[PDB]
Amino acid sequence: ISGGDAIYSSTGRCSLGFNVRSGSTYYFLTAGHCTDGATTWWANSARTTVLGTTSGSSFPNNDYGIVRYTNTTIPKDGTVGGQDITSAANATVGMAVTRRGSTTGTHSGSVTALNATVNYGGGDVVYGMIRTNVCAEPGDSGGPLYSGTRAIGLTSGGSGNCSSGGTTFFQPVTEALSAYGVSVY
């Protein structure tokens, strides 16, 4: 399983962000709004292939979460679909980026602003977000935003869709890697 693939909780479906590790312990990052109130994660809608359990969740304010793998045999590719990821980097205005999600697949665009505040309402406000002109649709939450072999962010939310176009905000991945003491591979 790799970045952009579907992940299922008891509540719904999101996308796997990036596979990461700390020592010999493997995890995957995804959106905090997906990990919030979720315990177990599965690879399929039938819930027959277990992935692991939620180890941390940060939402709102931030939008990231981490799941510890408990499935010992499933491949944990350090890629996004076929694309190898070898490091993480900070987003910059004008950067060309690509997102992969379980609903819409792969879509590209550019970073249009940094440190954006996004209000999802009801007190769910997230800060320090990367603004882009990349579309995203329900199911794409938590999927990776990357640039070549560099990991950049995790899909959080926005507006529009892939047909008419939209605006998607991403959580900077560096902040999540630092919070959990994990690294991409």
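The numbering used is simple: start at 1 and walk along the sequence shown.
Legend: mean Cα B-factor per stretch from the PDB entry, 158 to 166 versus 11 to 19; the higher mean is in 158 to 166. Stretches 104 to 112 and 81 to 89 differ in mean C-alpha B factor, with the higher average recorded for 81 to 89. Highest C-alpha temperature factor among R47, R68, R150, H33 per the entry: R47. For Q171, the recorded CA B-factor ranks within the lowest third of the chain. Only modelled residues enter the ranking. In the deposited entry, the Cα temperature factor of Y26 sits in the top third of values across the chain's modelled residues. Ranked within its chain, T132 lands in the lowest third, by CA B factor from the PDB record.
Ranked against the other modelled residues of its chain, the C-alpha B-factor of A38 as given in the entry falls in the highest third.
For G142, the recorded CA temperature factor ranks within the lowest third of the chain's modelled residues.
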